Amino acid sequence: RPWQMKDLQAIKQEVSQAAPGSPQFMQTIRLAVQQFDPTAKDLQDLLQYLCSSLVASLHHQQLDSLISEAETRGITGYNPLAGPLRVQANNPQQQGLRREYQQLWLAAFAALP
């Protein structure tokens, strides 16, 4: 049950005025992420739709650092012999990795301003 075009259109329109990482944007994006239960691929699509290449790159770097610390510590469900967290989160049998990816994503995007 992935999102459709209308959901993305509404998500972008409702937060057109606000700035990335504002409390309003964080509310709406967090609700979307917690409601649709998407993988990393869909999150990348959503970010490309919402913010430009500059904000995309900044979030990419911040999320790289956050994932770096998180999975360098060692995580309950992460096994580094199978692939990067971006790929484990895309397997529907690793929901723990998917939820960790979602939370790192939202925190990284909130850490912009």
# chains A, B, ... in the order shown; residues from 1 in each chain; ligands from 1
call {"tool": "closest_atom_pairs", "arguments": {"of": "segment 17-50 of chain A", "to": "segment 73-91 of chain A", "cutoff": "9 Å", "atoms": "only C-alpha atoms", "output": "JSON lines"}}
result
{"residue": "A:38", "atom": "CA", "partner": "A:90", "partner_atom": "CA", "distance": 8.8}
{"residue": "A:39", "atom": "CA", "partner": "A:90", "partner_atom": "CA", "distance": 5.3}
{"residue": "A:40", "atom": "CA", "partner": "A:90", "partner_atom": "CA", "distance": 6.1}
{"residue": "A:41", "atom": "CA", "partner": "A:90", "partner_atom": "CA", "distance": 7.1}
call {"tool": "write_last_selection", "arguments": {"atoms": "N, CA and C atoms", "output": "PDB file, in the first residue's frame"}}
result
ATOM      1  N   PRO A  38       7.214   3.382   4.439  1.00  0.00           N
ATOM      2  CA  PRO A  38       7.967   3.211   3.197  1.00  0.00           C
ATOM      3  C   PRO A  38       9.397   2.752   3.453  1.00  0.00           C
ATOM      4  N   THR A  39      10.021   2.248   2.393  1.00  0.00           N
ATOM      5  CA  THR A  39      11.409   1.820   2.440  1.00  0.00           C
ATOM      6  C   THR A  39      12.308   3.011   2.109  1.00  0.00           C
ATOM      7  N   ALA A  40      13.596   2.752   1.869  1.00  0.00           N
ATOM      8  CA  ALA A  40      14.511   3.838   1.532  1.00  0.00           C
ATOM      9  C   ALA A  40      14.230   4.396   0.141  1.00  0.00           C
ATOM     10  N   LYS A  41      13.865   3.531  -0.806  1.00  0.00           N
ATOM     11  CA  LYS A  41      13.632   3.972  -2.178  1.00  0.00           C
ATOM     12  C   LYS A  41      12.519   5.012  -2.237  1.00  0.00           C
TER      13      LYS A  41
END
call {"tool": "residues_around", "arguments": {"residues": "residue 61 of chain A", "least_positions_apart": "5", "cutoff": "12 Å", "atoms": "only C-alpha atoms", "output": "JSON, numbers by chain"}}
result
{"A": [54, 55, 56, 66, 67, 68, 104, 105, 108, 109, 111, 112]}
call {"tool": "closest_residue", "arguments": {"among": "A:27, A:17, A:11, A:63", "to": "residue 50 of chain A", "atoms": "only C-alpha atoms"}}
result
A:11
call {"tool": "residues_around", "arguments": {"residues": "residue 24 of chain A", "least_positions_apart": "6", "cutoff": "10 Å", "atoms": "only C-alpha atoms", "output": "PyMOL selection string"}}
result
chain A and resi 14-15+17-18+30
call {"tool": "select_by_dssp", "arguments": {"residues": "segment 5-83 of chain A", "states": "helix (DSSP H, G or I)", "output": "ChimeraX atom specification"}}
result
/A:5-14,23-36,40-50,53-73
call {"tool": "atom_distance", "arguments": {"atom1": "atom CA of residue 98 of chain A", "atom2": "atom CA of residue 37 of chain A"}}
result
8.2 Å
call {"tool": "closest_residue", "arguments": {"among": "A:49, A:101, A:93, A:23", "to": "residue 10 of chain A", "atoms": "only C-alpha atoms"}}
result
A:49
call {"tool": "residues_around", "arguments": {"residues": "residue 110 of chain A", "least_positions_apart": "3", "cutoff": "9 Å", "atoms": "only C-alpha atoms", "output": "ChimeraX atom specification"}}
result
/A:20-23,25-26,59,105-107,113
call {"tool": "closest_residue", "arguments": {"among": "A:95, A:52, A:42, A:16", "to": "residue 1 of chain A", "atoms": "only C-alpha atoms"}}
result
A:42
